[PDB]
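Participant: Got a structure for you, coords_2.txt, holding compact mmCIF, C-alpha atoms.
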# COMPACT_ATOMS: atom_id res chain seq x y z
CA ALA P 1 0.00 0.00 0.00
CA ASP P 2 2.97 2.24 0.67
CA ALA P 3 3.99 4.28 -2.37
CA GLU P 4 7.70 3.47 -2.26
CA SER P 5 6.63 -0.11 -1.52
CA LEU P 6 4.42 -0.13 -4.62
CA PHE P 7 7.29 1.52 -6.52
CA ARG P 8 9.76 -1.37 -6.42
CA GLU P 9 6.86 -3.69 -7.29
CA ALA P 10 6.35 -1.57 -10.42
CA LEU P 11 10.06 -1.62 -11.26
CA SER P 12 10.37 -5.35 -10.55
CA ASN P 13 7.40 -5.86 -12.86
CA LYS P 14 8.85 -3.63 -15.59
CA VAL P 15 12.06 -5.67 -15.42
CA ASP P 16 10.04 -8.82 -16.11
CA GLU P 17 7.97 -6.98 -18.72
CA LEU P 18 11.03 -5.76 -20.64
CA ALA P 19 12.71 -9.17 -20.44
CA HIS P 20 9.62 -10.93 -21.79
CA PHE P 21 9.57 -8.21 -24.46
CA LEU P 22 13.16 -8.76 -25.61
CA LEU P 23 12.55 -12.52 -25.74
CA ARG P 24 9.75 -11.76 -28.20
CA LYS P 25 12.34 -9.69 -30.09
CA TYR P 26 15.06 -12.35 -30.10
CA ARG P 27 12.58 -14.96 -31.32
CA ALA P 28 11.65 -12.69 -34.24
CA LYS P 29 15.30 -11.81 -35.02
CA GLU P 30 14.50 -8.10 -35.17
CA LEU P 31 16.43 -5.04 -34.00
CA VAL P 32 15.48 -3.20 -30.81
CA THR P 33 15.95 0.56 -30.43
CA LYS P 34 15.83 2.58 -27.22
CA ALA P 35 12.78 4.37 -28.65
CA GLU P 36 10.80 1.11 -28.89
CA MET P 37 11.38 0.02 -25.29
CA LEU P 38 10.47 3.49 -24.00
CA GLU P 39 7.29 3.83 -26.05
CA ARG P 40 6.06 0.23 -25.87
CA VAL P 41 7.17 -1.11 -22.46
CA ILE P 42 8.28 1.49 -19.90
CA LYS P 43 6.17 4.33 -21.31
CA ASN P 44 5.52 5.59 -17.77
CA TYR P 45 8.94 5.23 -16.12
CA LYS P 46 11.13 6.28 -19.05
CA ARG P 47 13.87 7.98 -17.02
CA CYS P 48 14.31 4.63 -15.22
CA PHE P 49 15.66 3.11 -18.46
CA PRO P 50 19.31 2.76 -17.24
CA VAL P 51 18.04 0.55 -14.39
CA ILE P 52 15.16 -1.41 -15.95
CA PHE P 53 17.22 -2.08 -19.08
CA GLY P 54 20.32 -2.84 -17.01
CA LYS P 55 18.36 -5.27 -14.84
CA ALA P 56 16.67 -6.84 -17.88
CA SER P 57 19.86 -7.22 -19.94
CA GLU P 58 21.40 -8.89 -16.89
CA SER P 59 18.29 -11.07 -16.54
CA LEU P 60 18.83 -12.35 -20.10
CA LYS P 61 22.61 -12.91 -20.17
CA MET P 62 22.30 -15.28 -17.22
CA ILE P 63 18.79 -16.79 -17.38
CA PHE P 64 18.51 -17.57 -21.11
CA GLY P 65 22.06 -16.82 -22.29
CA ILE P 66 20.89 -13.97 -24.52
CA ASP P 67 23.20 -10.97 -24.99
CA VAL P 68 21.98 -7.45 -25.77
CA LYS P 69 24.59 -6.18 -28.24
CA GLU P 70 24.52 -2.48 -29.07
CA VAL P 71 25.47 -1.99 -32.71
CA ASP P 72 26.39 1.64 -31.88
CA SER P 73 23.24 4.82 -32.48
CA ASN P 74 21.18 3.42 -29.58
CA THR P 75 20.35 0.27 -31.57
CA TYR P 76 20.63 -3.23 -30.09
CA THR P 77 20.48 -6.76 -31.46
CA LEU P 78 19.89 -10.01 -29.58
CA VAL P 79 22.36 -12.90 -29.92
CA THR P 80 23.27 -15.99 -27.91
CA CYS P 81 26.01 -15.92 -25.28
CA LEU P 82 29.46 -17.19 -26.37
CA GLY P 83 27.96 -17.52 -29.86
CA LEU P 84 26.22 -20.89 -29.67
CA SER P 85 23.62 -22.22 -32.12
CA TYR P 86 21.07 -23.87 -29.81
CA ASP P 87 18.32 -22.17 -27.80
CA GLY P 88 15.60 -24.83 -27.53
CA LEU P 89 12.85 -23.01 -29.46
CA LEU P 90 11.25 -25.67 -31.64
CA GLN P 91 9.56 -19.66 -29.53
CA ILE P 92 9.01 -19.13 -25.81
CA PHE P 93 11.93 -19.68 -23.43
CA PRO P 94 15.60 -20.09 -24.45
CA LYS P 95 17.45 -22.95 -22.76
CA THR P 96 20.88 -21.58 -23.75
CA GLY P 97 21.69 -20.04 -20.36
CA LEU P 98 21.01 -23.33 -18.58
CA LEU P 99 23.29 -25.13 -21.05
CA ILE P 100 26.07 -22.59 -20.45
CA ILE P 101 25.52 -23.10 -16.71
CA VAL P 102 25.88 -26.89 -17.07
CA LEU P 103 29.01 -26.45 -19.22
CA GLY P 104 30.80 -24.16 -16.76
CA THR P 105 29.98 -26.60 -13.96
CA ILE P 106 31.89 -29.37 -15.73
CA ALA P 107 34.60 -26.89 -16.75
CA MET P 108 35.38 -26.35 -13.06
CA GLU P 109 35.34 -29.99 -11.92
CA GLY P 110 37.99 -30.66 -14.58
CA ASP P 111 37.54 -32.90 -17.61
CA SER P 112 34.39 -34.51 -16.20
CA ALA P 113 31.86 -33.75 -13.47
CA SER P 114 29.85 -36.35 -11.58
CA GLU P 115 26.10 -36.57 -12.14
CA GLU P 116 25.81 -35.84 -8.41
CA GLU P 117 27.81 -32.60 -8.66
CA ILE P 118 25.68 -31.52 -11.63
CA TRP P 119 22.33 -32.06 -9.91
CA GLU P 120 23.54 -30.24 -6.78
CA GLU P 121 24.27 -27.13 -8.85
CA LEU P 122 20.91 -27.50 -10.64
CA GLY P 123 19.05 -28.05 -7.36
CA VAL P 124 20.16 -24.73 -5.87
CA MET P 125 18.52 -22.98 -8.86
CA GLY P 126 15.15 -24.72 -8.55
CA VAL P 127 15.56 -27.41 -11.24
CA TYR P 128 14.98 -30.97 -10.01
CA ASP P 129 15.00 -34.42 -11.61
CA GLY P 130 11.37 -35.45 -11.96
CA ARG P 131 9.92 -31.93 -11.87
CA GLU P 132 9.07 -29.98 -15.02
CA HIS P 133 10.55 -26.53 -14.45
CA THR P 134 8.32 -24.09 -16.31
CA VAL P 135 11.00 -22.15 -18.19
CA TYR P 136 13.42 -25.04 -18.76
CA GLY P 137 11.21 -28.13 -18.86
CA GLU P 138 12.04 -31.59 -17.62
CA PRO P 139 15.71 -31.43 -16.52
CA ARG P 140 16.76 -35.09 -16.63
CA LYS P 141 15.31 -35.54 -20.12
CA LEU P 142 16.70 -32.24 -21.44
CA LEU P 143 20.17 -32.87 -19.99
CA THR P 144 20.37 -36.50 -21.10
CA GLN P 145 18.28 -36.93 -24.26
CA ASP P 146 18.28 -33.42 -25.73
CA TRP P 147 21.91 -32.41 -25.21
CA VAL P 148 23.40 -35.83 -26.05
CA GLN P 149 21.88 -36.05 -29.54
CA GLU P 150 22.76 -32.39 -30.11
CA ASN P 151 26.36 -33.43 -29.29
CA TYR P 152 26.66 -30.84 -26.52
CA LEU P 153 27.26 -33.36 -23.72
CA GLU P 154 28.36 -36.94 -23.05
CA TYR P 155 26.78 -39.31 -20.51
CA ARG P 156 28.55 -42.57 -19.62
CA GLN P 157 28.94 -44.91 -16.66
CA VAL P 158 31.54 -44.86 -13.86
CA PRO P 159 34.72 -46.44 -15.30
CA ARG P 160 27.87 -43.60 -10.68
CA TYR P 161 27.54 -41.44 -13.80
CA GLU P 162 29.27 -38.34 -15.12
CA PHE P 163 29.00 -35.59 -17.73
CA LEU P 164 31.63 -34.38 -20.19
CA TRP P 165 31.64 -31.74 -22.91
CA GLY P 166 30.65 -33.01 -26.34
CA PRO P 167 32.03 -32.41 -29.83
CA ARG P 168 29.62 -29.56 -30.61
CA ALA P 169 30.37 -27.87 -27.28
CA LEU P 170 34.12 -27.90 -27.94
CA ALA P 171 33.49 -26.68 -31.49
CA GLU P 172 31.40 -23.60 -30.64
CA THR P 173 33.14 -22.51 -27.41
CA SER P 174 36.06 -23.43 -25.17
CA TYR P 175 36.88 -24.12 -21.54
CA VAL P 176 38.67 -20.76 -21.46
CA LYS P 177 35.80 -18.86 -23.10
CA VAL P 178 33.24 -20.22 -20.62
CA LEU P 179 35.41 -19.78 -17.52
CA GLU P 180 35.89 -16.12 -18.53
CA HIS P 181 32.15 -15.59 -19.03
CA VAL P 182 31.84 -16.81 -15.44
CA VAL P 183 34.52 -14.35 -14.33
CA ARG P 184 33.09 -11.40 -16.28
CA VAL P 185 29.62 -11.96 -14.84
CA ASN P 186 30.82 -12.66 -11.29
CA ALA P 187 32.48 -9.21 -11.56
CA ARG P 188 29.55 -7.25 -13.01
CA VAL P 189 28.38 -3.87 -11.73
CA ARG P 190 25.40 -4.70 -9.52
CA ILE P 191 22.37 -2.52 -10.22
CA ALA P 192 20.28 -1.46 -7.22
CA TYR P 193 16.68 -0.31 -7.52
CA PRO P 194 16.27 3.44 -6.95
CA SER P 195 14.20 4.94 -4.17
CA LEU P 196 11.51 7.50 -4.96
CA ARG P 197 13.68 10.41 -3.83
CA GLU P 198 16.55 9.21 -6.02
CA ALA P 199 14.39 8.55 -9.08
CA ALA P 200 12.84 12.02 -8.86
CA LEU P 201 16.25 13.69 -8.41
CA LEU P 202 17.13 12.54 -11.95
CA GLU P 203 14.94 15.04 -13.81
CA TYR W 1 19.82 -19.14 -6.89
CA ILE W 2 22.68 -19.83 -9.30
CA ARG W 3 25.94 -20.40 -7.44
CA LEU W 4 28.05 -20.12 -10.59
CA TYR W 5 27.56 -16.37 -10.88
CA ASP W 6 25.85 -15.34 -7.65
CA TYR W 7 22.47 -14.07 -8.84
Represent the supplied structure as structure tokens.

Facilitator:
Amino acid sequence: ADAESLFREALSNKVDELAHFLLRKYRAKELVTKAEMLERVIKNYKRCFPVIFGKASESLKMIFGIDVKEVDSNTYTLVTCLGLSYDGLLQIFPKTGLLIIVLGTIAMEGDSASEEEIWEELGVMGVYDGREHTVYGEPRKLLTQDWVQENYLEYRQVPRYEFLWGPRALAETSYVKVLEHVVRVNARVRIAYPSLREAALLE
Amino acid sequence: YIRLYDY
């Protein structure tokens, strides 16, 4: 009921309304300009663009592995992170960012990571064997079936189970390119929502 | 929660 309390609910909802807008833009393979997002998403809170865009771009790079690339002006185009070819749209929710998360988890346990170690990373993010996550789908089936035939992963016995990078994963990115995407994002500038006094000062 | 990049 409080105004500043209803403010961050409006910002948090414009973050999820811009993100779900850009996903509609990436699926159509169009270009996005700053004028479009102002007029057709955050028409009311335009001067908040550096923070709703910054918190939506960051909510794409890491959730769906989609990168907002400014062509440089004020024009942006949507591509996949580390330049992969798979997203999972066959056009709702890209599964690229979860792939890139699984890859970097093996990249840190060495050549191969145990099935146990993989699930434990996936369990902390709300994705559980035998539970259809809404955005990602069934995890066990998508990890095993989907990414084995796509040649992104390997799944073999003990000599327990384990995961290794596949031929297509090594062809489109590297251990060093993933481990630096993890470092660049772990060292990002963290955006904080503005108060009402702050947001009004910028005018 | 993703414990790769803390977000």

Participant: Provide as a PDB file with C-alpha atoms, keeping the file's coordinate frame the residues of chain P at most 12 Å from chain W, counting all atoms listed in the file.

Facilitator:
ATOM      1  CA  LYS P  55      18.360  -5.270 -14.840  1.00  0.00           C
ATOM      2  CA  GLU P  58      21.400  -8.890 -16.890  1.00  0.00           C
ATOM      3  CA  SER P  59      18.290 -11.070 -16.540  1.00  0.00           C
ATOM      4  CA  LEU P  60      18.830 -12.350 -20.100  1.00  0.00           C
ATOM      5  CA  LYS P  61      22.610 -12.910 -20.170  1.00  0.00           C
ATOM      6  CA  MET P  62      22.300 -15.280 -17.220  1.00  0.00           C
ATOM      7  CA  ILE P  63      18.790 -16.790 -17.380  1.00  0.00           C
ATOM      8  CA  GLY P  97      21.690 -20.040 -20.360  1.00  0.00           C
ATOM      9  CA  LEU P  98      21.010 -23.330 -18.580  1.00  0.00           C
ATOM     10  CA  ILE P 100      26.070 -22.590 -20.450  1.00  0.00           C
ATOM     11  CA  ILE P 101      25.520 -23.100 -16.710  1.00  0.00           C
ATOM     12  CA  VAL P 102      25.880 -26.890 -17.070  1.00  0.00           C
ATOM     13  CA  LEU P 103      29.010 -26.450 -19.220  1.00  0.00           C
ATOM     14  CA  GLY P 104      30.800 -24.160 -16.760  1.00  0.00           C
ATOM     15  CA  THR P 105      29.980 -26.600 -13.960  1.00  0.00           C
ATOM     16  CA  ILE P 106      31.890 -29.370 -15.730  1.00  0.00           C
ATOM     17  CA  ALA P 107      34.600 -26.890 -16.750  1.00  0.00           C
ATOM     18  CA  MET P 108      35.380 -26.350 -13.060  1.00  0.00           C
ATOM     19  CA  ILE P 118      25.680 -31.520 -11.630  1.00  0.00           C
ATOM     20  CA  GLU P 120      23.540 -30.240  -6.780  1.00  0.00           C
ATOM     21  CA  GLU P 121      24.270 -27.130  -8.850  1.00  0.00           C
ATOM     22  CA  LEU P 122      20.910 -27.500 -10.640  1.00  0.00           C
ATOM     23  CA  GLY P 123      19.050 -28.050  -7.360  1.00  0.00           C
ATOM     24  CA  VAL P 124      20.160 -24.730  -5.870  1.00  0.00           C
ATOM     25  CA  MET P 125      18.520 -22.980  -8.860  1.00  0.00           C
ATOM     26  CA  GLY P 126      15.150 -24.720  -8.550  1.00  0.00           C
ATOM     27  CA  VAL P 127      15.560 -27.410 -11.240  1.00  0.00           C
ATOM     28  CA  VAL P 178      33.240 -20.220 -20.620  1.00  0.00           C
ATOM     29  CA  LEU P 179      35.410 -19.780 -17.520  1.00  0.00           C
ATOM     30  CA  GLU P 180      35.890 -16.120 -18.530  1.00  0.00           C
ATOM     31  CA  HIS P 181      32.150 -15.590 -19.030  1.00  0.00           C
ATOM     32  CA  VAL P 182      31.840 -16.810 -15.440  1.00  0.00           C
ATOM     33  CA  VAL P 183      34.520 -14.350 -14.330  1.00  0.00           C
ATOM     34  CA  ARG P 184      33.090 -11.400 -16.280  1.00  0.00           C
ATOM     35  CA  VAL P 185      29.620 -11.960 -14.840  1.00  0.00           C
ATOM     36  CA  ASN P 186      30.820 -12.660 -11.290  1.00  0.00           C
ATOM     37  CA  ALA P 187      32.480  -9.210 -11.560  1.00  0.00           C
ATOM     38  CA  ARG P 188      29.550  -7.250 -13.010  1.00  0.00           C
ATOM     39  CA  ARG P 190      25.400  -4.700  -9.520  1.00  0.00           C
ATOM     40  CA  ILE P 191      22.370  -2.520 -10.220  1.00  0.00           C
TER      41      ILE P 191
END

Participant: If I take CA of residue 48 in chain P and CA of residue 96 in chain P, how far is one from the other in Å, to one decimal?

Facilitator: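 So the two atoms, CA of residue 48 in chain P and CA of residue 96 in chain P, lie 28.3 Å apart.
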
Participant: Smallest atom-to-atom distance to residue 196 in chain P: which of P:7, P:154, P:1, P:17, using only C-alpha atoms?

Facilitator: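 Smallest distance to residue 196 in chain P is found for P:7.
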
Participant: Show me, as a ChimeraX atom specification, the residues that have an atom within 7 Å of residue 69 in chain P when counting all atoms listed in the file, minus same-chain residues fewer than 3 positions from it.

Facilitator: /P:76-78

Participant: If you measure from CA of residue 49 in chain P to CA of residue 5 in chain P, what distance in Å do you get, rounded to one decimal?

Facilitator: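 Interatomic distance here is 19.5 Å.
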
Participant: Between CA of residue 146 in chain P and CA of residue 68 in chain P, what is the distance in Å, rounded to a tenth?

Facilitator: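 These atoms are spaced 26.2 Å apart.
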
Participant: Given the choices P:37, P:45, P:114, P:88, which gets closest to residue 74 in chain P if the distance is worked out from all atoms listed in the file?

Facilitator: P:37

Participant: Need the shell around residue 46 in chain P: protein/DNA/RNA residues with any atom at most 12 Å away, counting all atoms listed in the file. Skip same-chain ones fewer than 2 positions apart. Format as a list in words?

Facilitator: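 Contacts, with the query itself left out: residues 11, 14, 34, 35, 36, 37, 38, 39, 40, 41, 42, 43, 44, 48, 49, 50, 51, 52, 53, 199, 200, 202 and 203 of chain P.
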
Participant: Once N, CA, C and O atoms are restored for range 107-121 of chain P, what would the output be as a compact mmCIF listing (two decimals), keeping the file's coordinate frame?

Facilitator:
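The result, stored in result_39.txt:
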# COMPACT_ATOMS: atom_id res chain seq x y z
N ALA P 107 33.32 -27.54 -16.48
CA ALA P 107 34.60 -26.89 -16.75
C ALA P 107 35.39 -26.64 -15.48
O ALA P 107 36.61 -26.48 -15.53
N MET P 108 34.71 -26.61 -14.33
CA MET P 108 35.38 -26.35 -13.06
C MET P 108 35.70 -27.60 -12.27
O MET P 108 36.63 -27.58 -11.46
N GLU P 109 34.97 -28.70 -12.48
CA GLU P 109 35.34 -29.99 -11.92
C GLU P 109 36.34 -30.74 -12.79
O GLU P 109 36.55 -31.94 -12.58
N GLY P 110 36.94 -30.07 -13.77
CA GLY P 110 37.99 -30.66 -14.58
C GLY P 110 37.52 -31.14 -15.94
O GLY P 110 36.76 -30.45 -16.63
N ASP P 111 37.98 -32.33 -16.34
CA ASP P 111 37.54 -32.90 -17.61
C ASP P 111 36.10 -33.38 -17.52
O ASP P 111 35.34 -33.25 -18.49
N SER P 112 35.72 -33.94 -16.38
CA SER P 112 34.39 -34.51 -16.20
C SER P 112 33.87 -34.15 -14.82
O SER P 112 34.63 -34.00 -13.86
N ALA P 113 32.55 -34.03 -14.72
CA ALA P 113 31.86 -33.75 -13.47
C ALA P 113 30.85 -34.85 -13.20
O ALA P 113 30.14 -35.29 -14.11
N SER P 114 30.78 -35.29 -11.95
CA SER P 114 29.85 -36.35 -11.58
C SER P 114 28.41 -35.89 -11.77
O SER P 114 28.09 -34.70 -11.65
N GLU P 115 27.53 -36.85 -12.07
CA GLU P 115 26.10 -36.57 -12.14
C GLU P 115 25.60 -35.95 -10.84
O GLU P 115 24.74 -35.06 -10.84
N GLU P 116 26.14 -36.41 -9.71
CA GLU P 116 25.81 -35.84 -8.41
C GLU P 116 26.14 -34.35 -8.37
O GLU P 116 25.28 -33.52 -8.03
N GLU P 117 27.38 -33.99 -8.70
CA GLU P 117 27.81 -32.60 -8.66
C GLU P 117 26.98 -31.73 -9.59
O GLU P 117 26.78 -30.54 -9.32
N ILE P 118 26.49 -32.30 -10.70
CA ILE P 118 25.68 -31.52 -11.63
C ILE P 118 24.31 -31.24 -11.04
O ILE P 118 23.84 -30.09 -11.05
N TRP P 119 23.64 -32.27 -10.50
CA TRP P 119 22.33 -32.06 -9.91
C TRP P 119 22.38 -31.08 -8.74
O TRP P 119 21.45 -30.28 -8.56
N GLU P 120 23.45 -31.12 -7.95
CA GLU P 120 23.54 -30.24 -6.78
C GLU P 120 23.62 -28.78 -7.19
O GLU P 120 23.10 -27.91 -6.49
N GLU P 121 24.28 -28.49 -8.32
CA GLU P 121 24.27 -27.13 -8.85
C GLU P 121 22.89 -26.78 -9.40
O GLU P 121 22.40 -25.67 -9.20
